[PDB]
């Protein structure tokens with residue numbers, strides 16, 4: 001399982017993994033990039 005948050009403090013996202021990168025490195029399973037708000041999300045083992 002996993003939970004994603006909004007990593008808007010990192011800067012909008014251009015792809016779908018670009019955000020996941022910062023997420024993992026931060027300590028997450030991955031992340032996402034919402035086009036509706038161009039923000040970076042990060043999934044964690046939640």
Order these by the 10 Å Cβ neighbour count, fewest first: 39, 17.
17, 39
For the chain, the longest principal axis of the Cα atoms and the Cα long axis of helix 17-27 enclose an angle in degrees, to the nearest 10, of 40 degrees
State the volume of the convex hull built on the alpha-carbon positions of the chain, expressed per residue in Å³ and rounded to an integer.
56 Å³
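Counting only helical runs of four or more DSSP H residues, what would the 222 nm mean residue ellipticity of the chain come to if each run contributes -39,500 (n - 2.57) and the total is spread over all its residues?
Mean residue ellipticity, 222 nm, calculated: -7000 deg cm²/dmol.
Can you put 5, 15 in order, fewest other beta carbons within 10 Å first? Walk me through the numbers before you get to the answer.
Working: 5 17, 15 9.
With the sparsest Cβ surroundings first, the list reads 15, 5.
Among 40, 33, rank each residue by its count of other Cβ atoms within 10 Å, from fewest to most, as a rough exposure measure.
The fewest-first ordering by Cβ neighbours comes to 33, 40.
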With the 8 Å Cα cutoff and a minimum separation of six or more residues, the chain has a relative contact order in percent of 47 percent
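All Cβ positions, even for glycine, are placed from backbone atoms using ideal geometry, and neighbour counts span all protein chains on display. Only the coordinates and a few stated rules stand behind these numbers; no lab work does.
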